[PDB]
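Remember, it's 1-based here, ligands and their atoms both numbered in the order they're listed. Note: hydrogens, waters and symmetry copies are ignored here, and every other heavy atom, side chains too, is used. In this chain, numbering begins with 1 at the start of the sequence shown.
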Amino acid sequence: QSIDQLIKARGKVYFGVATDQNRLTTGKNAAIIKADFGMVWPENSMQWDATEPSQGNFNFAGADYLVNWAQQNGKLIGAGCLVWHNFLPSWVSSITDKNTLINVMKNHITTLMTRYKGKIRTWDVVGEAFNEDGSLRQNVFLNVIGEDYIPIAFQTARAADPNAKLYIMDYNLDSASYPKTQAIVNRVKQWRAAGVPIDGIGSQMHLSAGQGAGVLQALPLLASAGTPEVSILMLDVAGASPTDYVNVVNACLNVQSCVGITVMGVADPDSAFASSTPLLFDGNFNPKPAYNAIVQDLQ
Ligand SMILES: N#Cc1ccc2[nH]nnc2c1
């Protein structure tokens with residue numbers, strides 16, 4: 001059974017997975033993604049390191065592979081991350097001039113989104129912008145531009161492709177009492193009140209065991225920021241217990257603006273946290289109990 005088909009039947013948009021050429025050409029990943037998932041994200045090939053390793057010298061082969069594979073197989077596409085501190089070339093983080101960095105950031109945003117204009121459902125424009133206490137994380141953009149880098153990035157993305165849904169995303173948004181969760185809600189509320197085109201909040205749910213239960217309260221709290229959408233991204237759970245995965249699915253069913261869920265990969269040995277076996281398919285590419293529990297919950 002396909003959890004994408006089943007979650008669509010319940011009124012949601014997709015069940016998705018992060019992947020890339022390295023996985024789509026090995027094992028049973030292509031077959032599983034064709035059968036079970038309705039949306040794909042490039043895990044690495046769209047990041048800044050990969051796409052613009054030298055300023056103005058772009059490298060799109062790997063991202064082109066993913067986009068073309070998705071279109072050929074009828075999958076929705078998410079992509080990112082346009083602006084965050086991860087995968088960031090040192091030629092970007094060493095820039096000290098404000099106007100210089102604004103223009104570099106706008107050009108990176110505009111070039112990537114223009115190349116795939118009309119083909120991308122969701123762009124993660126800004127990622128991991130918050131510290132754990134809810135203050136803004138000090139990356140080169142905050143250091144050099146200031147807090148306006150986030151409005152500027154979304155304004156620029158909206159101008160490049162008005163068809164795409166523009167997300168901010170962060171991790172450790174999984175507990176409704178945690179300071180980082182209420183802070184991103186408070187900030188996104190103000191950005192939207194000021195006309196900034198943030199269409200979504202993406203919760204990067206790299207979860208420890210047992211955290212699924214708290215998502216039932218944290219996800220509606222994120223939705224109270226009033227973005228058109230919220231999404232579950234980078235989902236994995238240490239131990240992969242059905243209890244956690246069913247809790248996460250129930251949370252997205254409970255939140256009307258939650259359009260879908262994206263798991264961080266297909267099979268355990270391809271996880272960056274493989275020793276915690278946190279995904280839905282095992283090392284033989286067979287579905288695990290957590291996969292079956294999601295199927296049964298959605299039926
Ligand atoms: N799942 C997922 C995922 C992985 C990498 C990303 N970069 N930007 N958005 C992303 C979403």
Side-chain angles (χ1 to χ4, degrees), residues 3-4 7 12-24 29 32-33 36-52 60 62-63 65-67 69-70 75-89 105 108-109 112-113 116 119-130 137 139 141 150 153-154 157 161 164-174 184 198-207 215 227 229-237 245 248-249 252 258-267 270-273 278-281:
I3 52 179
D4 175 72
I7 208 188
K12 296 313 191 166
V13 181
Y14 59 88
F15 219 122
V17 59
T19 197
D20 254 336
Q21 182 172 3
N22 57 353
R23 300 279 72 74
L24 287 174
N29 296 300
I32 290 170
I33 290 170
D36 293 340
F37 294 97
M39 180 163 190
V40 292
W41 261 260
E43 67 209 4
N44 279 14
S45 69
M46 199 72 76
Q47 312 289 353
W48 202 315
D49 262 344
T51 48
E52 200 188 359
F60 286 119
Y65 183 97
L66 186 273
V67 163
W69 188 92
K75 306 310 185 180
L76 296 161
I77 308 171
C81 173
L82 293 173
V83 184
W84 62 345
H85 71 295
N86 295 318
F87 302 96
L88 188 59
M105 182 188 73
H108 189 75
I109 290 171
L112 268 62
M113 288 182 75
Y116 303 105
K119 313 181 172 190
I120 312 289
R121 189 209 181 273
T122 295
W123 272 104
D124 298 321
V125 180
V126 176
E128 288 174 26
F130 288 80
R137 178 198 294 270
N139 52 36
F141 309 102
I150 289 158
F154 279 100
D161 188 0
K165 305 278 197 242
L166 308 180
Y167 281 54
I168 182 164
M169 60 177 202
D170 220 317
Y171 63 93
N172 282 354
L173 316 177
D174 310 302
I184 186 166
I198 308 186
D199 304 308
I201 297 180
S203 183
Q204 299 166 232
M205 283 195 202
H206 168 55
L207 302 190
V215 169
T227 56
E229 304 185 346
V230 302
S231 66
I232 300 171
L233 300 169
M234 299 184 189
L235 174 61
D236 48 48
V237 193
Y245 273 107
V248 166
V249 167
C252 190
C258 184
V259 292
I261 300 161
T262 303
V263 297
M264 191 56 232
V266 174
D270 294 306
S271 168
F273 322 91
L279 303 173
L280 292 178
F281 290 81

S.K.: To check you understand the geometry: which heavy-atom pair defines the closest contact between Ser231 and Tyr14, and what is its length?
M.R.: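 Distance-wise, the nearest heavy atoms are CB-OH, 3.7 Å.
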
S.K.: State, to 0.1 Å, how close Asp20 and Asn44 come at their nearest heavy-atom pair, and which atoms those are.
M.R.: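 Heavy atoms only, the tightest pair is OD2-N, 2.9 Å.
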
S.K.: Which atom pairs, nitrogen or oxygen on both sides, join ligand 1 and the protein at under 3.5 angstrom?
M.R.:
| from | atom 1 | to | atom 2 | distance (Å) |
| --- | --- | --- | --- | --- |
| ligand 1 | 1 (N) | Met234 | N | 3.2 |
| ligand 1 | 7 (N) | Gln47 | NE2 | 3.1 |
| ligand 1 | 7 (N) | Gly80 | O | 3.4 |
| ligand 1 | 8 (N) | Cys81 | N | 3.4 |
| ligand 1 | 9 (N) | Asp124 | OD2 | 2.7 |

S.K.: Taking only residues two or more places apart in sequence or in another chain, which ones pass ring-ring contact (aromatic ring centres under 6.0 Å, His included) with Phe87?
M.R.: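 None.
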
S.K.: Identify, with sequence neighbours excluded, every residue that meets ring-ring contact (aromatic ring centres under 6.0 Å, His included) alongside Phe281.
M.R.: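 Scan of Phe281 (ring-ring contact (aromatic ring centres under 6.0 Å, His included), adjacent residues dropped) gives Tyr291.
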
S.K.: Can you list the residues that meet the ring-ring contact (aromatic ring centres under 6.0 Å, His included) rule with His108, with sequence neighbours excluded?
M.R.: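 Once residues adjacent in sequence are excluded, the partners of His108 under the ring-ring contact (aromatic ring centres under 6.0 Å, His included) criterion are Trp48.
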
S.K.: What I'd like to find out is whether the side chain of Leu233 reaches to under 4.5 Å of the side chain of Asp124, using heavy atoms alone.
M.R.: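 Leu233 reaches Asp124 side chain to side chain.
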
